[PDB]
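In what follows, a single structure is set out as structure tokens and then discussed.
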Amino acid sequence: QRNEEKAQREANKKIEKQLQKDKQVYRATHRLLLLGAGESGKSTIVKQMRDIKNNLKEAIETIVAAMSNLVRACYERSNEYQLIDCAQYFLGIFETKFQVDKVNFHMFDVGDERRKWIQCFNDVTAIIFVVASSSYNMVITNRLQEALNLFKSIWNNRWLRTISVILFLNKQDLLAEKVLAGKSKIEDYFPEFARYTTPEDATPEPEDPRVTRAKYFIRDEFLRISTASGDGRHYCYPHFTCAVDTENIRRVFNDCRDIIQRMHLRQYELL
Amino acid sequence: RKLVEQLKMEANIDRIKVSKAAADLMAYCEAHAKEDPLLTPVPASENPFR
Amino acid sequence: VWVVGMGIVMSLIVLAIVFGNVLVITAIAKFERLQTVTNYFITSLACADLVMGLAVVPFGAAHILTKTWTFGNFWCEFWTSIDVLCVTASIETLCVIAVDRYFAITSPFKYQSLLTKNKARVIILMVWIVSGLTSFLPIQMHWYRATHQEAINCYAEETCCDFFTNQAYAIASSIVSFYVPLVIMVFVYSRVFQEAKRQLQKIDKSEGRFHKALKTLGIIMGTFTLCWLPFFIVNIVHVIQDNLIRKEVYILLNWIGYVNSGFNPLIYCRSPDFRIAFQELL
Amino acid sequence: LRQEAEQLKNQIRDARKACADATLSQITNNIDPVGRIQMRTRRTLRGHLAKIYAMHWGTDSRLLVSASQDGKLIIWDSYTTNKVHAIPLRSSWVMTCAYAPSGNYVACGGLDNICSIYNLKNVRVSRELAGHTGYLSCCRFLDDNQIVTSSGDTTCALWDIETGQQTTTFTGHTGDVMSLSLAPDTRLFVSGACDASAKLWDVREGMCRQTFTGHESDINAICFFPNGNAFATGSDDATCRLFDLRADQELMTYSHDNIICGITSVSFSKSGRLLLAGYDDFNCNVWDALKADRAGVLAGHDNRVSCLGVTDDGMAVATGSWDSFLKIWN
Ligand SMILES: CN[C@@H]1CCc2c(ccc(O)c2O)[C@H]1O
């Protein structure tokens with residue numbers, strides 16, 4: 001039947017035109033994955049990059065239940081405890097689409113231990129790994145050590161052999177507060193800090209020397225895993241973002257631009 | 001807990017020796033080998049893809 | 001017994017150019033994993049190199065060795081047109097590849113939207129059309145023919161086909177073929193080197209305490225410049241001053257420019273994917 | 001406490017060892033080898049944007065459906081290299097797709113926990129099955145209204161499309177379920193989890209009848225022998241194993257010292273003589289089910305393969321790799 005063939009050809013042509021438009025749209029927009037420990041304040045960066053009262057009260061109930069499991073008199077004792085809980089100061093994949101100037105971006109927010117879905121993400125330009133820099137003292141192996149192990153697992157992946165990592169360190173104010181207080185010193189949990197010293201080249205913000213030493217020690221510990229592996233198609237860009245920093249979006253834009261530039265420069269045998 | 005009960009339930013299952021199962025599977029494979037376009041190439045004229 | 005060695009060398013050069021261009025073209029065409037917007041430009045360069053090596057190199061060798069153009073007067077004009085077209089297409093395709101690299105590095109986000117398969121096809125069609133306009137048109141309708149008493153008899157004669165052109169065409173055609181691509185590619189590679197140096201400085205500043213670009217850019221620019229620039233400066237000079245330039249120097253420089261075409265594939269197809277394709281093919 | 005379970009497991013292992021009398025290779029060593037097999041790419045299906053994660057042949061052995069990370073679920077007519085329907089997807093990520101034996105419905109679910117089916121007879125969703133936790137791995141159609149889906153929470157579930165709720169739930173896997181296969185009689189189905197354990201379930205009863213844990217790495221593929229009494233599992237480890245249901249233990253192991261990559265899909269032939277298994281090394285291998293000897297290597301894919309499929313008529317086998325291009329291999 002010639003009519004059936006003609007109809008099938010017309011449908012094929014229409015679908016091909018729609019597919020070409022969709023391919024142009026897909027190539028226009030980049031993709032980023034946001035991986036976090038859950039207690040690393042990944043939501044703060046998500047808000048920074050881009051019923052309610054009952055939910056906030058519900059979170060207080062979880063803290064209240066955790067405090068009892070571990071009221072005003074006992075409230076002070078609960079804060080000193082080290083356990084998985086929400087913030088005490090106040091009391092399902094997600095897709096975020098944002099457009100930096102004249103460019104299209106799209107964020108991936110995954111909602112465990114096996115992480116067998118990591119191989120699915122291979123076309124993303126970068127992985128926005130978010131880790132709390134003030135989580136060294138809290139223990140479950142310390143949470144910071146667990147985050148470092150997860151970063152090592154992601155970095156040394158056969159499937160993710162050409163995906164870079166954008167690294168964020170929230171709770172900088174919290175890190176400074178814990179370092180300056182002196183309780184739970186870095187040397188107590190990280191023996192290398194006693195031998196560690198401030199790097200000769202550094203740009204610290206007008207901050208106490210101890211805070212700078214701690215922050216740079218954490219940054220170097222994270223960067224050692226990245227530098228140990230083979231060079232090329234892998235680069236980590238540490239950042240020291242605060243709890244409230246509106247410049248994070250420009251930082252990730254610059255990091256993605258550098259990722260594309262360095263991929264193209266490693267290609268053509270230039271870099 | 002319930003794993004013990006699950007294993008106890010799964011234990012009471014009749015078993016067929018490997019020789020009989022292998023012989024039956026080989027007999028099936030030999031019997032149905034004729035109608036296997038992958039095993040025996042099909043004629044080009046009768047091949048739908050060519 | 002001295003011409004035979006030159007003939008053997010010319011035959012070897014022609015065979016090498018043909019084999020390299022054919023291998024590059026068949027590697028680009030056969031495997032779909034190698035098809036890319038820039039790889040279309042590489043394919044155009046390889047096709048131009050193949051046409052040049054299969055058309056002008058053996059005929060040029062026959063002209064040089066026998067010192068007599070056996071074929072007719074009309075066919076020699078066609079051969080000269082083919083030569084000019086091939087050279088212009090090759091040089092302008094090198095310029096286009098450099099521009100593609102500049103737009104891929106300097107403007108990364110806009111590079112994907114700027115270049116597409118249709119855009120690459122349009123660019124290749126435009127560059128081949130401009131090469132044809134520069135080569136075939138001024139030759140077939142005899143604008144390039146000289147006006148002085150010299151070589152007018154050569155035009156009339158059938159055996160003689162030595163190149164003799166006006167002071168005008170020898171400058172404009174030379175500019176269009178080489179000088180504009182030279183300036184464009186120099187600016188491109190300066191910008192690319194600056195970007196690479198900036199990136200290396202950033203790597204040193206960030207991941208410190210734990211010259212490839214210069215070498216590769218040197219290879220890419222130096223091969224082209226050393227193999228073509230002297231020929232085109234001689235092209236300008238002999239028209240400006242006919243006393244200095246002899247025929248042998250002209251032919252030698254032109255053939256160095258020719259063998260640049262055979263040198264090109266081994267410097268523009270060094271990617272590991274191309275090596276894997278070559279290994280699989282043979 | 002756990003001592004009773006350990007004793008039961010030891011007794012099960014002893015019973016399985018006692019049942020084994022002669023190995024499969026010991027009996028099949030006298031059969032003629034299948035011989036060298038050369039398969040050419042009958043057709044190539046291009047134009048698909050991103051890496052394919054799964055595909056499923058039609059019950060008519062002609063049409064097929066493929067899905068990628070681009071969010072496009074495009075239905076292909078394999079005979080004429082023509083795409084009939086292109087279905088945009090609400091969720092960008094798709095880990096599996098299914099084609100109903102009736103052919104009227106096409107299932108498509110992925111990293112989003114919600115599974116959705118489409119009514120082909122434009123295209124629109126019928127009932128987005130959302131009563132699930134975790135991502136999906138593979139889905140199949142028992143009928144036009146009952147669909148069984150895998151899980152990322154180690155809970156294979158059965159669905160009633162009209163009701164929209166889980167009719168029954170299957171539990172017992174330590175790790176996430178990565179693939180499953182259905183029987184010709186649709187009475188029972190098996191599922192290979194990430195805990196290196198393959199379990200056979202009874203659809204009516206809702207409890208695992210047996211459990212096979214001979215592997216060492218995560219199991220990524222499972223399919224039935226055409227007989228229905230034997231299923232072969234392809235694990236992340238290079239070994240591909242063939243199990244039995246009446247013998248209740250492993251029968252054969254397919255492995256070579258040259259291959260060290262993983263396996264992403266396993267599918268039998270029409271007669272079951274050839275076990276076609278994909279690999280992460282950009283190539284698909286063809287094994288002999290009985291003699292356990294490789295009988296050819298299929299290639300032509302730039303990236304790793306992810307899915308396989310053999311038509312009900314057995315005319316040809318299809319492969320969809322990460323290179324965003326399917327291939328039909330008669
Ligand atoms: C006889 N050989 C020709 C003469 C002039 C000429 C060549 C190449 C490119 C040009 O733009 C030219 O003007 C040479 O190949």
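In the structure tokens, the first chain shown is A, the next is B, and so on; residue numbers restart at 1 for each chain, and ligands run from 1 in the order shown.
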
May I have the residues within 6 Å of ligand 1, computed using only C-alpha atoms and all ligand atoms, as an mmCIF file with C-alpha atoms, in the first residue's frame?
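Once written, part-v8.cif looks like this:
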data_model
loop_
_atom_site.group_PDB
_atom_site.id
_atom_site.type_symbol
_atom_site.label_atom_id
_atom_site.label_comp_id
_atom_site.auth_asym_id
_atom_site.auth_seq_id
_atom_site.Cartn_x
_atom_site.Cartn_y
_atom_site.Cartn_z
ATOM 1 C CA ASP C 83 46.253 23.347 -8.782
ATOM 2 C CA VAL C 84 45.177 26.829 -7.686
ATOM 3 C CA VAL C 87 45.974 25.019 -2.819
ATOM 4 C CA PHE C 163 53.576 29.796 -15.357
ATOM 5 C CA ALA C 170 50.001 37.187 -8.714
ATOM 6 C CA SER C 173 45.384 35.531 -5.724
ATOM 7 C CA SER C 174 48.370 35.106 -3.404
ATOM 8 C CA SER C 177 45.058 32.049 -0.901
#

Discussion item. Tell me as a PyMOL selection string which residues belonging to chain D come within 6 Å of chain B, counting only C-alpha atoms.
Written reply: chain D and resi 5+19-20+22+24+246-247+270-271+315

Which chain C residues have any atom within 10 Å of an atom of chain D, and for each, what is the nearest pair of atoms with distance in Å to one decimal, counting only C-alpha atoms, rows sorted by chain and number, as a Markdown table?
| residue | atom | partner | partner_atom | distance |
| --- | --- | --- | --- | --- |
| C:31 | CA | D:302 | CA | 9.2 |
| C:32 | CA | D:302 | CA | 8.6 |
| C:33 | CA | D:302 | CA | 6.5 |
| C:34 | CA | D:302 | CA | 9.9 |

Worksheet item: Quick one: distance from atom CA of residue A:184 to atom CA of residue A:144 in Å, one decimal?
Response: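 Atom CA of residue A:184 sits 13.6 Å away from atom CA of residue A:144.
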
Worksheet entry | Straight-line distance linking atom CA of residue D:190 with atom CA of residue D:156, stated in Å to one decimal |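 Spanning atom CA of residue D:190 to atom CA of residue D:156 is a straight-line distance of 10.0 Å.
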
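Take the candidates A:204, A:209, A:238, A:182 and check each one against chain C using only C-alpha atoms; the shortest distance goes to A:238.
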
Mind running chain A against chain D at 12 Å and telling me each contacting residue's nearest atom pair with the distance in Å (one decimal), counting only C-alpha atoms, chain and number ascending, as JSON lines?
{"residue": "A:4", "atom": "CA", "partner": "D:80", "partner_atom": "CA", "distance": 11.9}
{"residue": "A:5", "atom": "CA", "partner": "D:80", "partner_atom": "CA", "distance": 9.4}
{"residue": "A:6", "atom": "CA", "partner": "D:82", "partner_atom": "CA", "distance": 11.7}
{"residue": "A:7", "atom": "CA", "partner": "D:84", "partner_atom": "CA", "distance": 10.2}
{"residue": "A:8", "atom": "CA", "partner": "D:84", "partner_atom": "CA", "distance": 7.1}
{"residue": "A:9", "atom": "CA", "partner": "D:82", "partner_atom": "CA", "distance": 7.7}
{"residue": "A:10", "atom": "CA", "partner": "D:84", "partner_atom": "CA", "distance": 10.1}
{"residue": "A:11", "atom": "CA", "partner": "D:84", "partner_atom": "CA", "distance": 6.8}
{"residue": "A:12", "atom": "CA", "partner": "D:83", "partner_atom": "CA", "distance": 5.9}
{"residue": "A:13", "atom": "CA", "partner": "D:83", "partner_atom": "CA", "distance": 9.4}
{"residue": "A:14", "atom": "CA", "partner": "D:84", "partner_atom": "CA", "distance": 10.1}
{"residue": "A:15", "atom": "CA", "partner": "D:86", "partner_atom": "CA", "distance": 6.8}
{"residue": "A:16", "atom": "CA", "partner": "D:47", "partner_atom": "CA", "distance": 8.0}
{"residue": "A:17", "atom": "CA", "partner": "D:47", "partner_atom": "CA", "distance": 10.9}
{"residue": "A:18", "atom": "CA", "partner": "D:86", "partner_atom": "CA", "distance": 9.1}
{"residue": "A:19", "atom": "CA", "partner": "D:47", "partner_atom": "CA", "distance": 8.0}
{"residue": "A:20", "atom": "CA", "partner": "D:47", "partner_atom": "CA", "distance": 8.6}
{"residue": "A:21", "atom": "CA", "partner": "D:49", "partner_atom": "CA", "distance": 11.1}
{"residue": "A:22", "atom": "CA", "partner": "D:49", "partner_atom": "CA", "distance": 8.7}
{"residue": "A:23", "atom": "CA", "partner": "D:49", "partner_atom": "CA", "distance": 6.4}
{"residue": "A:24", "atom": "CA", "partner": "D:49", "partner_atom": "CA", "distance": 10.0}
{"residue": "A:25", "atom": "CA", "partner": "D:70", "partner_atom": "CA", "distance": 10.8}
{"residue": "A:26", "atom": "CA", "partner": "D:70", "partner_atom": "CA", "distance": 7.8}
{"residue": "A:27", "atom": "CA", "partner": "D:49", "partner_atom": "CA", "distance": 9.6}
{"residue": "A:29", "atom": "CA", "partner": "D:70", "partner_atom": "CA", "distance": 12.0}
{"residue": "A:31", "atom": "CA", "partner": "D:92", "partner_atom": "CA", "distance": 11.4}
{"residue": "A:92", "atom": "CA", "partner": "D:112", "partner_atom": "CA", "distance": 6.6}
{"residue": "A:93", "atom": "CA", "partner": "D:112", "partner_atom": "CA", "distance": 6.3}
{"residue": "A:94", "atom": "CA", "partner": "D:112", "partner_atom": "CA", "distance": 9.3}
{"residue": "A:95", "atom": "CA", "partner": "D:91", "partner_atom": "CA", "distance": 9.4}
{"residue": "A:106", "atom": "CA", "partner": "D:92", "partner_atom": "CA", "distance": 11.3}
{"residue": "A:107", "atom": "CA", "partner": "D:92", "partner_atom": "CA", "distance": 11.9}
{"residue": "A:108", "atom": "CA", "partner": "D:92", "partner_atom": "CA", "distance": 10.3}
{"residue": "A:109", "atom": "CA", "partner": "D:112", "partner_atom": "CA", "distance": 11.4}
{"residue": "A:110", "atom": "CA", "partner": "D:111", "partner_atom": "CA", "distance": 9.2}
{"residue": "A:111", "atom": "CA", "partner": "D:134", "partner_atom": "CA", "distance": 8.9}
{"residue": "A:112", "atom": "CA", "partner": "D:152", "partner_atom": "CA", "distance": 9.3}
{"residue": "A:113", "atom": "CA", "partner": "D:175", "partner_atom": "CA", "distance": 10.1}
{"residue": "A:114", "atom": "CA", "partner": "D:175", "partner_atom": "CA", "distance": 8.2}
{"residue": "A:115", "atom": "CA", "partner": "D:152", "partner_atom": "CA", "distance": 10.2}
{"residue": "A:116", "atom": "CA", "partner": "D:176", "partner_atom": "CA", "distance": 8.8}
{"residue": "A:117", "atom": "CA", "partner": "D:111", "partner_atom": "CA", "distance": 8.1}
{"residue": "A:118", "atom": "CA", "partner": "D:111", "partner_atom": "CA", "distance": 11.0}
{"residue": "A:119", "atom": "CA", "partner": "D:53", "partner_atom": "CA", "distance": 11.1}
{"residue": "A:120", "atom": "CA", "partner": "D:69", "partner_atom": "CA", "distance": 8.1}
{"residue": "A:121", "atom": "CA", "partner": "D:69", "partner_atom": "CA", "distance": 8.7}
{"residue": "A:122", "atom": "CA", "partner": "D:51", "partner_atom": "CA", "distance": 9.5}
{"residue": "A:123", "atom": "CA", "partner": "D:50", "partner_atom": "CA", "distance": 8.8}
{"residue": "A:124", "atom": "CA", "partner": "D:69", "partner_atom": "CA", "distance": 11.2}
{"residue": "A:158", "atom": "CA", "partner": "D:261", "partner_atom": "CA", "distance": 10.8}
{"residue": "A:159", "atom": "CA", "partner": "D:280", "partner_atom": "CA", "distance": 10.1}

Practice prompt. For chain C, list the residues within 12 Å of chain A, counting only C-alpha atoms, and write the list as a PyMOL selection string.
Written response: chain C and resi 38+97-98+100-118+189+192-220+267-273

Worksheet entry | From C:171, C:260, C:221, C:281, residue lying nearest residue C:238 [only C-alpha atoms] |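 Ranked by minimum distance to residue C:238, first place goes to C:171.
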
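Every residue of chain B with a DSSP assignment of alpha helix (DSSP H), taken from the backbone, is listed as residues 2, 3, 4, 5, 6, 7, 8, 9, 10, 11, 18, 19, 20, 21, 22, 23, 24, 25, 26, 27, 28, 29, 30 and 31 of chain B.
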
Worksheet entry | Atom pair atom CA of residue C:9 / atom CA of residue C:60: separation (Å) |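 Distance reported for this atom pair: 12.9 Å.
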
Item to complete: Can you list, as a PyMOL selection string, all residues belonging to stretch 40-191 of chain D that DSSP tags as strand (DSSP E)?
Response: chain D and resi 41-45+52-57+63-68+72-77+82-88+96-99+105-109+115-119+124-125+139-141+146-149+157-160+165-169+177-182+188-191

Worksheet item: Neighbours of residue C:250 within 9 Å (only C-alpha atoms; same-chain residues fewer than 4 positions away dropped), as a VMD selection string?
Response: chain C and resid 231 234 to 235 238 245 to 246 254 to 255

Worksheet item: Quick one: residues within 7 Å of stretch 240-249 of chain A, only C-alpha atoms counted, chain neighbours fewer than 5 positions away excluded, as a list in words?
Response: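 My list of contacting residues is residues 44, 48, 49, 168, 169, 170, 171, 172 and 173 of chain A.
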
Could the residues in this selection be written to a file with N, CA, C and O atoms, as a PDB file, in the first residue's frame?
ATOM      1  N   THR A  44      20.698  24.758  51.686  1.00  0.00           N
ATOM      2  CA  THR A  44      21.114  26.156  51.749  1.00  0.00           C
ATOM      3  C   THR A  44      21.733  26.607  50.433  1.00  0.00           C
ATOM      4  O   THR A  44      21.457  27.713  49.954  1.00  0.00           O
ATOM      5  N   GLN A  48      20.494  29.253  47.829  1.00  0.00           N
ATOM      6  CA  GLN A  48      21.444  30.278  47.405  1.00  0.00           C
ATOM      7  C   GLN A  48      21.594  30.303  45.889  1.00  0.00           C
ATOM      8  O   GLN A  48      21.688  31.379  45.287  1.00  0.00           O
ATOM      9  N   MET A  49      21.632  29.128  45.256  1.00  0.00           N
ATOM     10  CA  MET A  49      21.741  29.078  43.802  1.00  0.00           C
ATOM     11  C   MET A  49      20.511  29.678  43.134  1.00  0.00           C
ATOM     12  O   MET A  49      20.626  30.398  42.135  1.00  0.00           O
ATOM     13  N   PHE A 168      31.903  22.485  47.417  1.00  0.00           N
ATOM     14  CA  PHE A 168      31.458  23.574  48.274  1.00  0.00           C
ATOM     15  C   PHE A 168      31.621  23.173  49.731  1.00  0.00           C
ATOM     16  O   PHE A 168      31.436  22.006  50.088  1.00  0.00           O
ATOM     17  N   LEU A 169      31.965  24.145  50.574  1.00  0.00           N
ATOM     18  CA  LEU A 169      32.151  23.925  52.008  1.00  0.00           C
ATOM     19  C   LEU A 169      31.307  24.956  52.751  1.00  0.00           C
ATOM     20  O   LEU A 169      31.760  26.077  52.999  1.00  0.00           O
ATOM     21  N   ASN A 170      30.084  24.579  53.108  1.00  0.00           N
ATOM     22  CA  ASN A 170      29.212  25.467  53.865  1.00  0.00           C
ATOM     23  C   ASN A 170      29.659  25.504  55.324  1.00  0.00           C
ATOM     24  O   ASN A 170      30.686  24.934  55.702  1.00  0.00           O
ATOM     25  N   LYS A 171      28.878  26.188  56.158  1.00  0.00           N
ATOM     26  CA  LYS A 171      29.132  26.282  57.594  1.00  0.00           C
ATOM     27  C   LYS A 171      30.511  26.861  57.891  1.00  0.00           C
ATOM     28  O   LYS A 171      31.154  26.482  58.874  1.00  0.00           O
ATOM     29  N   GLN A 172      30.979  27.781  57.043  1.00  0.00           N
ATOM     30  CA  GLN A 172      32.245  28.450  57.318  1.00  0.00           C
ATOM     31  C   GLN A 172      32.170  29.234  58.622  1.00  0.00           C
ATOM     32  O   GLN A 172      33.112  29.213  59.424  1.00  0.00           O
ATOM     33  N   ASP A 173      31.055  29.930  58.852  1.00  0.00           N
ATOM     34  CA  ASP A 173      30.853  30.593  60.135  1.00  0.00           C
ATOM     35  C   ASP A 173      30.820  29.581  61.271  1.00  0.00           C
ATOM     36  O   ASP A 173      31.415  29.806  62.332  1.00  0.00           O
TER      37      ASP A 173
END

Discussion item. What's around residue A:208 at 10 Å? Count only C-alpha atoms, leave out sequence neighbours fewer than 6 positions away in its own chain, and write the answer as a PyMOL selection string.
Written reply: chain A and resi 176+179-180

With N, CA and C atoms retained, write the just-selected residues as a CSV table (one decimal), in the first residue's frame.
chain,number,residue,atom,x,y,z
A,176,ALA,N,34.4,28.4,61.9
A,176,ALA,CA,35.1,29.4,62.7
A,176,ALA,C,34.7,29.4,64.1
A,179,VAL,N,36.2,26.3,65.8
A,179,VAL,CA,37.6,26.3,65.9
A,179,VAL,C,38.1,27.3,67.0
A,180,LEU,N,37.4,28.5,67.0
A,180,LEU,CA,37.8,29.5,68.0
A,180,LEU,C,37.5,29.1,69.4

Discussion item. Neighbouring residues of residue A:213 were defined as those with any atom within 8 Å, considering only C-alpha atoms; residues of the same chain fewer than 3 positions away were excluded. Please report them as a list in words.
Written reply: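 Neighbouring residues, sequence-local ones excluded: residues 197, 198, 209, 210, 216 and 217 of chain A.
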
Just to be explicit: take each residue in the selection above, keep C-alpha atoms, and write the result as an mmCIF file, in the first residue's frame.
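Output file result.cif is given in full below:
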data_model
loop_
_atom_site.group_PDB
_atom_site.id
_atom_site.type_symbol
_atom_site.label_atom_id
_atom_site.label_comp_id
_atom_site.auth_asym_id
_atom_site.auth_seq_id
_atom_site.Cartn_x
_atom_site.Cartn_y
_atom_site.Cartn_z
ATOM 1 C CA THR A 197 50.927 23.960 58.919
ATOM 2 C CA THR A 198 49.424 26.855 57.002
ATOM 3 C CA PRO A 209 44.963 32.183 61.972
ATOM 4 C CA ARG A 210 43.461 29.044 63.530
ATOM 5 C CA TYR A 216 42.977 25.055 54.465
ATOM 6 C CA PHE A 217 43.649 21.693 56.131
#
